[PDB]
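Fold and contact review
Given next are the chains, with one letter for each unit.
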Amino acid sequence: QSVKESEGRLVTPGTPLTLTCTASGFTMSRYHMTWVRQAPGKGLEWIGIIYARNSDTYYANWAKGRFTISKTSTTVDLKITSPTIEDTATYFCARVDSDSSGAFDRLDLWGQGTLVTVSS
Amino acid sequence: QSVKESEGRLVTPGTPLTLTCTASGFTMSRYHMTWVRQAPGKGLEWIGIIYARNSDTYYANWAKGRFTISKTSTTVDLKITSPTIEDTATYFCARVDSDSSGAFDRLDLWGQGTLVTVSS
Amino acid sequence: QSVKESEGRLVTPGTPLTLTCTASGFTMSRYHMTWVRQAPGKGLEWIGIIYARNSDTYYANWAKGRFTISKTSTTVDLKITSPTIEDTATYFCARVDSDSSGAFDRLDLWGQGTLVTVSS
Amino acid sequence: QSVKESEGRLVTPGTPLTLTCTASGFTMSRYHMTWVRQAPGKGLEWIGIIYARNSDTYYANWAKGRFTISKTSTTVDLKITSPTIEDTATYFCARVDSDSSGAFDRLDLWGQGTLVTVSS
Amino acid sequence: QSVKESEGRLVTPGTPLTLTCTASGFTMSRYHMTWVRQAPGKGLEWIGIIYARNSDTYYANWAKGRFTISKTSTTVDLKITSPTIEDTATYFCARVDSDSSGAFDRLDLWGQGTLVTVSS
Amino acid sequence: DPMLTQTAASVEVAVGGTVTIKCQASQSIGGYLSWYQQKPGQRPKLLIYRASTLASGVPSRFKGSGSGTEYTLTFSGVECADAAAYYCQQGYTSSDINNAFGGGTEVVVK
Amino acid sequence: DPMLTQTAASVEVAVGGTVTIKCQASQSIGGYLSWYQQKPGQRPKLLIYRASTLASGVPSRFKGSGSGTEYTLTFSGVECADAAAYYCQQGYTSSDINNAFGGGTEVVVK
Amino acid sequence: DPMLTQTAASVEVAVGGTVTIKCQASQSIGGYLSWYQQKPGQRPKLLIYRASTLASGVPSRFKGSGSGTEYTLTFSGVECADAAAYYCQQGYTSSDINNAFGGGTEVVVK
Amino acid sequence: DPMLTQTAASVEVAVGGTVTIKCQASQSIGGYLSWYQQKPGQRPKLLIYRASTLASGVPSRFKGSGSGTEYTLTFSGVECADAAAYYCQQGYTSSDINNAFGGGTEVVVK
Amino acid sequence: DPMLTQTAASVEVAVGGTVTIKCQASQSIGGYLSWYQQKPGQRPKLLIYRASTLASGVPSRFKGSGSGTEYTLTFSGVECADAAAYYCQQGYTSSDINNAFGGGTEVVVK
Amino acid sequence: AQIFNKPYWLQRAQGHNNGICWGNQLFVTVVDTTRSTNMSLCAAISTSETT
């Protein structure tokens, strides 16, 4: 049920960055995972998706070459290769509750979300 | 048969806390596990439950958002995220001896139990 | 064929104690393992038993609450929880060569045996 | 999709050298992997190949006794045993997108490539 | 194809000693492994043998109680328990290329071999 | 690329009013659509999915309708804790899109 | 929510007396019910489950009865080591409950 | 050993010209052949495989032909970002060969 | 609890004598019984199991007999390296027993 | 125990001579037999197995014969790099043997 | 083993009723399980994208 994250860091631009995401009750090889990014003002921006047994991925149009989503049977995580200044925002990990056919982007049980920021 | 615990710690409020629980003879992928908390005065309070092959969990009503139960084939454990002052008490790990249908909350073979306390 | 042990230690009463036991040629998921204790004077005292695929255990009458036998596919070991003074003796690990039905307590291929002692 | 490498090193001749290669989306037990080396001037030189479930290898004619390709389900890598001076060049890791019969040497999705050099 | 070893050591008599042996292309759960020892003058002496599926071992007549051969799916190795002075020699690891019935002691693809010596 | 615009800043409403938030889509997405409430201090929180089926622990005073390309979300009896941020979101899980499923706000209720 | 109250502090009993501890439940739980003895220095320890079947290593001088919503636990011939704490406990494994299965004490026997 | 030589340095071409790069092989390889463009600052990048089937995200203004032992690669309408390095490559995956699939260049277009 | 006592200290024997070590059991164990020789400096070492079948690398000058509750172990032609410790041992693998399978000694042979 | 002795130090041979190395066995081993060349600076290297089938990358100017208990290995046209050490080796994979498959040398060719 | 598509001519009945339809009424009960296939169909919702 509950979705857990790794604690945030104040980093420098040009350094790789990770956030792991572990779950409490369900197993992750059954359901799907994705990531969203909450920027100040409005900002609420979806990153990508990863599926359960097919283990495929689909990113955003602007997000190719910029994020790599890794998944084991115990933990899912996402990666950042080259940070740009304006990604100081809030990230979230959530479970895709779907049905026998959809895999549609309902994120039913969210994560608590931590703060990641970059500074130079 | 015998149920083993990790040794207790005197901690500060605001720090995550763990207790592992290992068994002697039986394997844990067959049976179920739960956790109870023995407070002074009366106190005797049940935390949650975790099942064998379904690997589901069910907590108490007040205990949601406050405990996450992890289980491998070798070790079960429980976790605390944000301790409040009044959880200085005694915790126990015990095996649910059940039948082909029940999974009812008989805890037949208990653990010896250690003392955990928080202080500021 | 040959049965190997961990090297002995002079310890203090009140400290947990382990001895691993590894084998050379056979695999341990097929056969059974048992531990015996050789005290001075006469002493020769059997501790318990552990089986192959059932992975069940049976101890002595005086030995309950005092030893826990762990086994992986690569290594078997036994554990001591609370040592008393008079267990300064010699321990041995040996393979139960049995048949399709017995699992009787013939220990055919023994181990070389090391010296463990406690002192205060 | 994206193919990742390990960061390069300036080494001395006579020291073993490794480069790991991890993938982002696809699994590596399905497809094949190979390695190419980009020298200055023209240079572009292919090293070897490794297959998916057969897990066979085929090297170049000059490259026998000089490279060993290792592969797990999570990571592929290649190894250098005895470096000679003139291998200061650029290495690349790429996925063999093939069909039900070919395993022909199309390297569809390349890696970004890092710089390795030796000096005495 | 190529067979790799661990680097040699100048040791003292009375200390356990190991040499791991890893392979390049083939998998080791299919074929067999053995060890030979090349002493100065003539010396060329075979140690033991291991089989790919049964995992049975057979040693030399003088070599019982003196060597234990361990094998995982990734690495094979051999062990020395109590070294005597006159084992300063050259050891080799090689693959038993056999057929559907033989497991005869042809060692087709050898290892490069390193120098191990003992001194007091 | 299926796009939901939501270029609509919300109008000041009193206790017991009715609000019609309208989320229009360019391509046909079927019924696969979600809605969320975002209180500006914590994690987002979902109300209804597939435009008709409400989630657990949510009162039945929220409504859901709309089919095809345009959809709505109405409710009545606005409390004090309805000051949040709203978002419509599709589930067409395509590859070449850059959705972000954005738009939507809600004033502080008088 | 099935609730067992146990609002009953135990009465002073002599050697050989009989004690009737009564544990009543609001909802019907079937026969799934457990009992425990808690000596105030060590781990708790079970006696009987499903209101009729006793555990191993326990003498047959403890009794079990009761069906439906109310249950009991009687015994006779009180020793010296029966100074402990008692607890009735159900097994309806529901989700929205906050049981703690509490109540029950034992005096020091004269 | 199947060998593709490519001993041909490319001729200066203007905007809109047509270039005939010819890659000849000693042994018959079938249709299994690949082509690549190498910009001199980044990773290599593929255009066409099996001498007729082009890859995704590549315009259809590149051509592919040739069968048996000799093959070609023509195109027209040369842009500004076509200053790169070209390479023909076979897929006969043999053991005793030392291919490197080398040869090929392209001038800076005027 | 099946118990083998072995309250018998061994008698002084010369070269070539015959010794009758007798191991009696309270409960019937069938034929499942083992025997061991313990030299007082090294690991123990087994001779015969199931009271009739000898192990490998052991001469056939040791004998085995006995059935039911009492069993024996005889041999003749005592060497110099027969100064050791002997032990009879059952295999009824029960739970509530505290066997240790003890008893048995051997003098230094003249 | 099948034993191959090889008590035969090799005779001085010129360029183009023929050498008959003879390896005799006590027990019958069938055809399972191997041969090796050992250059005195590097790892050993095999020529022929099962007394008739040669390995890859080895010229066909080496010969193999012999059946039953005695076997041979002849060749002609001795080069300069044939200064090595030779060894015959059986494959009866028994347990109680101490083979080492030893014997065999070769002079520096004039 | 088909039972249907075959004439059944009545000339003797195991009741005393010789097939007489009293009141101009008649009943026929039929079960089969040999012809119980279940076809499955789809219908697209967006006929544009090749994926």
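Residues numbered from 1 in each chain as written, not as in the entry; some residues may be left out. Chains lettered and ligands numbered in written order. Part of a larger assembly, values for the part shown. Heavy atoms only, no water.

Its PDB record attributes the structure to cryo-EM, giving the resolution as 3.43 Å.

This brings us to the overall build of chain K. Helix and strand content of chain K: zero helices and zero strands. Taken over the C-alpha atoms alone, chain K extends approximately 70 × 30 × 15 Å along its principal axes. Accessible surface computed for chain K: about 6100 Å², of which carbon and sulfur atoms make up 56%. (Helix = DSSP H or I, 4+ residues; strand = E, 2+ residues; numbered from the N terminus. Areas by Shrake-Rupley, 256 points an atom, 1.4 Å probe, with all protein chains shown as cover.)

A few words on the overall build of chain A. A count of helices and strands for chain A gives zero helices and ten strands. What you see in chain A, going N to C, is helices and strands ordered as β-β-β-β-β-β-β-β-β-β. Taking 14 Å as the expected radius of gyration for a compact globule of 120 residues, we find that chain A reaches 14 Å, a close match to that expectation. Overall, the C-alpha framework of chain A stretches about 45 × 30 × 30 Å when taken along its three principal axes. Burial analysis of chain A (120 residues in total) assigns 49% to the buried set. Element-wise, carbon and sulfur atoms account for 48% of the exposed surface of chain A, whose accessible area totals about 5900 Å². Charged side chains of chain A number 12 positive and 11 negative; the gap between the two group centres comes to 4 Å. (Rg over C-alpha atoms; globule rule 2.2 N^0.38 Å. Buried < 20%, exposed > 50% of the residue type's maximum accessible area, 1.4 Å probe, protein only. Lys, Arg positive; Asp, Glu negative; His and termini not counted. Charge placed at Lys NZ, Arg CZ, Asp CG, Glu CD.)

We now examine the side chain of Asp-77 of chain C. All names here are of chain C. Within the secondary structure, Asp-77 is located in strand β9 (residues 76–80). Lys-79 is the oppositely charged side chain nearest to the buried, salt-bridge-free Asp-77, at an N-O distance of 6.1 Å. When neighbours within four sequence positions are excluded, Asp-77 is seen to be in contact with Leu-19, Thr-20, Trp-35, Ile-69, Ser-70 and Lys-71. (Salt bridge = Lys/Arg side-chain N within 4 Å of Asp/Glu carboxyl O. Contact = heavy atoms within 4.5 Å.)

Moving on: the environment of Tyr-91 of chain E. Residue and element names in this part refer to chain E. Within the secondary structure, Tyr-91 is located in strand β9 (residues 89–96). What makes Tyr-91 buried here is its relative accessible area of 4%. Residues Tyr-91 and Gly-111, spaced 20 residues apart in sequence, show a C-alpha to C-alpha distance of 9.1 Å. Sequence-distant contacts of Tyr-91, that is, excluding residues within four places in its chain, are made with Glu-5, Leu-19, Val-36, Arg-37, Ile-47, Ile-80, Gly-113, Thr-114 and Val-116.

What follows deals with the interface of chain F and chain A. At the junction of the two partners, chain F supplies 24 residues and chain A supplies 25 residues. It is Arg-43, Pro-44 and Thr-93 of chain F in chain F that bury the most area against chain A; as a group they hold 23% of the surface buried on that side. A salt bridge links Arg-50 of chain F to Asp-99 of chain A, with the nearest nitrogen and oxygen atoms 2.5 Å apart. Linking chain F with chain A are five residue pairs in polar contact. Elements with a contribution of two residues or more to the side of chain F that touches chain A: β2 (33–38), β3 (45–49) and β6 (85–90) of chain F. Taken together, the residues of the side of chain F that touches chain A break down into nine nonpolar, eleven polar and four charged. (Buried area = accessible area lost by both parts, 1.4 Å probe. Polar contact = N/O pair within 3.5 Å; in protein donor to acceptor, adjacent residues only side chain to side chain. Nonpolar A, V, L, I, M, F, W, Y, C, P; charged D, E, K, R; others polar.)

As a further point, take the state of the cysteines. Disulfides are covalent bonds that connect the sulfur atoms of two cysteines. Here the structure, examined in full by the defined rule, presents ten disulfides over all chains. Each disulfide pairs two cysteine sulfurs, and for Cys-21 of chain C the partner residue is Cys-93 of chain C, the sulfurs being separated by 2.0 Å. Handedness here is read from the sign of the S-S torsion; for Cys-21 of chain C and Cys-93 of chain C, about -80 degrees, the answer is left-handed. Here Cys-93 of chain C lies in strand β10 (residues 89–96) and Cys-21 of chain C lies in strand β3 (residues 17–23), a separation of 72 residues in the sequence. On the basis of relative accessibility, which here comes to 0%, the residue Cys-93 of chain C falls in the buried class. The residue that forms a disulfide with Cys-23 of chain H is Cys-88 of chain H, at a sulfur-sulfur distance of 2.0 Å. A torsion of 65 degrees about the S-S bond marks the disulfide between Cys-23 of chain H and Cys-88 of chain H as right-handed. Taken together, the positions of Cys-23 of chain H in strand β1 (residues 18–24) and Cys-88 of chain H in strand β6 (residues 85–90) put the pair 65 residues apart, joining distant regions of the chain. Across the pair, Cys-88 of chain H and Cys-23 of chain H agree in class, each one buried. (Disulfide = S-S within 2.5 Å.)

Attention now moves to the environment of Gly-17 of chain F. Residue and element names in this part refer to chain F. Take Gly-17: it is sitting in the segment before β1 (18–24). The spacing of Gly-17 and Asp-96 is 79 residues in sequence and 40 Å in space, taken between C-alpha atoms. Discounting residues that sit within four places of it in the chain, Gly-17 has contacts with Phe-75, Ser-76, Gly-77 and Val-78.

Applying the stated criterion across every chain yields a total of 40 aromatic pairs over all chains. Ring plane angle 85 degrees and centroid distance 6.1 Å describe the contact between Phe-92 of chain B and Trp-110 of chain B, whose orientation is recorded as edge-to-face. Note that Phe-92 of chain B is positioned in strand β9 (residues 89–96) and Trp-110 of chain B in the loop between β9 and β10 (114–118), a separation of 18 residues in sequence. We classify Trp-110 of chain B as buried; its relative accessible area is 11%. Summarising the aromatic geometry, the rings of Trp-110 of chain C and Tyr-36 of chain I are spaced 5.6 Å apart at their centres and angled 90 degrees between planes, so their arrangement reads as edge-to-face. Here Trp-110 of chain C is found in the loop between β10 and β11 (114–118), whereas its partner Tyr-36 of chain I is found in strand β2 (residues 33–38) on a different chain. With relative accessibility at 5%, the residue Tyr-36 of chain I sits in the buried group. Each member of the aromatic cluster is reached from another via a ring pair, and the members are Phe-92 and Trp-110 of chain A together with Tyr-36 of chain F. Here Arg-106 of chain B stacks its cationic end above the ring of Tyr-49 of chain G, 3.9 Å away from the centre of that ring. (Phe/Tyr/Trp six-rings, centres within 6.5 Å; stacked < 30°, edge-to-face > 60°. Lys NZ or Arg CZ within 6 Å of the ring centre and 35° of its normal.)

Here the focus is the arrangement of the chains. The top pair by number of contacts, from a total of eleven pairs of chains in contact, is chains A and F. Chain D makes no contact with chain J; the smallest distance between any of their C-alpha atoms is 13 Å. For the non-touching pair chain I and chain K, the nearest C-alpha separation works out to 59 Å.

Turning our eyes to something else, we now look at the sheet that holds strand β2 (residues 10–11) of chain B. The six strands lie next to each other as β2-β10-β9-β4-β5-β6 (chain B), forming an open sheet whose pairing is mixed. Among the strands making up the open sheet, the edge pair consists of β2 and β6 (57–59) of chain B. (Pairing = 2+ DSSP bridges.)

The next thing to look at is the pattern of salt bridges. Residue and element names in this part refer to chain A. Enumeration according to the criterion identifies 35 salt bridges over all chains in this entry. A salt bridge links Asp-97 to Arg-106; its shortest N-O distance comes to 2.7 Å. The residues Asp-97 and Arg-106 share a single accessibility class, namely buried.

All names here are of chain D. The strand order across the open sheet formed by four strands is β1-β3-β8-β7, and the pairing between neighbours is antiparallel. In this open sheet, the two strands that pair with only one neighbour each are β1 (3–5) and β7 (67–71). Each strand of the sheet is rotated relative to its neighbour by a mean of 20 degrees, with strand direction disregarded. As judged from the three bridges shared by β1 and strand β3 (residues 17–23), these two strands associate in the antiparallel manner. Within β3, the residue paired with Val-3 across the bridge is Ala-23. (Axes fitted to C-alpha atoms, helices over the stretch in contact; angles between N-to-C directions.)

Glancing now at the side chain of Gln-37 of chain G. Residue position: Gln-37 of chain G is located in strand β2 (residues 33–38). Setting aside residues up to four positions removed in sequence, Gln-37 of chain G forms contacts with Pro-44, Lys-45, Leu-47, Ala-81, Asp-82, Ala-84, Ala-85 and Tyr-86 of chain G.

This paragraph deals with the nonpolar core. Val-36, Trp-46 and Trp-110 of chain C together with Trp-35, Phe-75 and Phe-101 of chain I are the most contacted members of the largest nonpolar core, which has 39 residues in total. Those elements that provide at least two residues to this core are β10 of chain C together with β1 (18–24), β2, β3 (45–49), β5 (70–76) and β6 (85–90) of chain I. For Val-36 of chain C, the residues in contact, after removing those within four places along its chain, are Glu-45, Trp-46, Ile-47, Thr-90, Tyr-91, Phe-92 and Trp-110 of chain C together with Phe-101 of chain I. Among the nonpolar cores identified, the runner-up in size contains 38 residues, and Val-96 of chain E together with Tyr-36, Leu-46 and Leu-73 of chain J belong to it. (Core = buried A, V, L, I, M, F, W, Y, C linked by side-chain atoms within 4.5 Å.)

Unlike most non-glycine residues, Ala-51 of chain H shows phi in positive territory, near 60 degrees. Within the secondary structure, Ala-51 of chain H is located in the loop between β3 (45–49) and β4 (53–54). Among the residues examined, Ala-51 of chain H registers a relative accessible area of 5% and is labelled buried. Of note, the phi angle at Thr-93 of chain J is positive, near 35 degrees, even though the residue is not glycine. Secondary-structure assignment places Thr-93 of chain J in the segment after β7 (85–90).

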